[PDB]
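Those letters in the sequence shown? Residues 40 to 98, 109 to 361, per the authors' numbering, in order. Don't be surprised by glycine CBs; every beta carbon is placed ideally from N, CA and C.
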Amino acid sequence: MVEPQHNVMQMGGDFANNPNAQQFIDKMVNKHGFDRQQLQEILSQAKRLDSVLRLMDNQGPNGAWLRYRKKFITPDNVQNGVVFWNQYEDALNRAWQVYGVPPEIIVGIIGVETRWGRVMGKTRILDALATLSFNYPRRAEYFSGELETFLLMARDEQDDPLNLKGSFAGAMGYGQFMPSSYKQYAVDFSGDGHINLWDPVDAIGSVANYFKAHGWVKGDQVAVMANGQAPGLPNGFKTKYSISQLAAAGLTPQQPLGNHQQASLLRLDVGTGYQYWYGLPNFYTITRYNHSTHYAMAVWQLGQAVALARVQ
Ligand code: NA
Numbered sequence: 040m041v042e043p044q045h046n047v048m049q050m051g052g053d054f055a056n057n058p059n060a061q062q063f064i065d066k067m068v069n070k071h072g073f074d075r076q077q078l079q080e081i082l083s084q085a086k087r088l089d090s091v092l093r094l095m096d097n098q109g110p111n112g113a114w115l116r117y118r119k120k121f122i123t124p125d126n127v128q129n130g131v132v133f134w135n136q137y138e139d140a141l142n143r144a145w146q147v148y149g150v151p152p153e154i155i156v157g158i159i160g161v162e163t164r165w166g167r168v169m170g171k172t173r174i175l176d177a178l179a180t181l182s183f184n185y186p187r188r189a190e191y192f193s194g195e196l197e198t199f200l201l202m203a204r205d206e207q208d209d210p211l212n213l214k215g216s217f218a219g220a221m222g223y224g225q226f227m228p229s230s231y232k233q234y235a236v237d238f239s240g241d242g243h244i245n246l247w248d249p250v251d252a253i254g255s256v257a258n259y260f261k262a263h264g265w266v267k268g269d270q271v272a273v274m275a276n277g278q279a280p281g282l283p284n285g286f287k288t289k290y291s292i293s294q295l296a297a298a299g300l301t302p303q304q305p306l307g308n309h310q311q312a313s314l315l316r317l318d319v320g321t322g323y324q325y326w327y328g329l330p331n332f333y334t335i336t337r338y339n340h341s342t343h344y345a346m347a348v349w350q351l352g353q354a355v356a357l358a359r360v361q
């Protein structure tokens, strides 16, 4: 009947003689009450993926922005964005009301991440996380934290850890949430008592909560395009200048900046030249999902494009 298998102390598979996998097992048992044998059975099936390791290692004017932008803002994506928006309008409206994050931002994030559920990843989360936790010294501590949370998440939401698929870094569902984001920011937005990253309604509320938690200011401007050029100043979403320094550099805002007294200097390569922008706090909040000016600008403009296509 009951088979404790106390004498089955060595697991097979890609992580068979891996000291890190052994230490991780002891941690799950000691800290979370996992059964060593049940966990060895799970991890003996986990795969060490070279592709996951290669990809994690891999990470003018010539029109850079234009090329990045066209990967996301196309008739097909805008049209699919409209369908997703109309289909989940209640959830989007409810997220706006509860979290102060507008539909265009959420629709934009889900569009850029997975094309609204069409591309959510094909790699088993367990394989990706185990590979990065046990065979990647550089980010081993970060990924072991993610694997720990993933196994707890699977245990709680009652999932077989081996059945969940996602990105090469272990990101999941519509919004490509990492296990740590699920833990800290995911919410039951459908109201069924569970948090399913693959349920569009839960994903919508979870992205909204993530944004509010990262400082999204309701109704505030994201960024304002500037007239003029500022070649003497370093640019990027991490920069910060007073509106006075930017004016002194030859820039003027196309729209009033209200009470904002500082901003980041963003520069987009539009082929014929450079297009400068005053990055406001909400722009930086978007970069909290993916540390990239292009990413954040594409997320925002995709949402705007969809918002416009709905009007027609
Ligand atoms: Na739910």
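Tell me, to the nearest whole angstrom, how far the beta carbon of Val132 is from that of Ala354; I am working on the premise that it is less than 8 Å. With a Cβ gap of about 14 Å, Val132 and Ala354 do not count as contacting.
In chain order, which beta strand (DSSP E) runs of at least 3 residues are fully inside the stretch 274–336? 311–318 and 323–328
Just to confirm my understanding: we take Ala356, look at its own chain, exclude 5 residues before and 5 after, and list those with CB closer than 6 Å. What are they? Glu153
Residue list, Cβ distance to ligand 1 heavy atoms smaller than 5 Å: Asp237, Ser239, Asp241, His243 and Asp251
According to DSSP, residues forming a beta bridge with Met221: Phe226
Mapping DSSP to helix, strand and coil, what is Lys267? coil
Three or more C-beta pairs below 8 Å linking the stretch 133–147 and the stretch 323–338: no
Cα separation between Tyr185 and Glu80? 22 Å
Would you list the residues sitting across from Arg204 in a DSSP beta bridge? DSSP output for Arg204 lists no bridge partner at all.
Would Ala275 and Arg118 qualify as a contact pair, given that the criterion is a beta-carbon distance under 8 Å? no
Between which residues of its own chain and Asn245 is the CB-CB distance below 6 Å, once the five residues before and five after are set aside? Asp251
Here's the rule I'm using: 16 or more other beta-carbon atoms within 10 Å means buried, otherwise exposed. How should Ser90 be labelled? exposed
Could you tell me which residues DSSP pairs with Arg173 in its beta bridges? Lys214
To the nearest angstrom, how far is the alpha carbon of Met95 from that of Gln361? 42 Å
Verify whether the separation of the beta carbon atoms of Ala272 and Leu329 is less than 8 Å. yes
Smallest Cα separation from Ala220: which of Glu206, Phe199 and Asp208? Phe199
Residue span of the alpha helix (DSSP H) that contains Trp247, given as start and end: It is not in any alpha helix (DSSP H) - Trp247 carries neither H nor E in the DSSP assignment.
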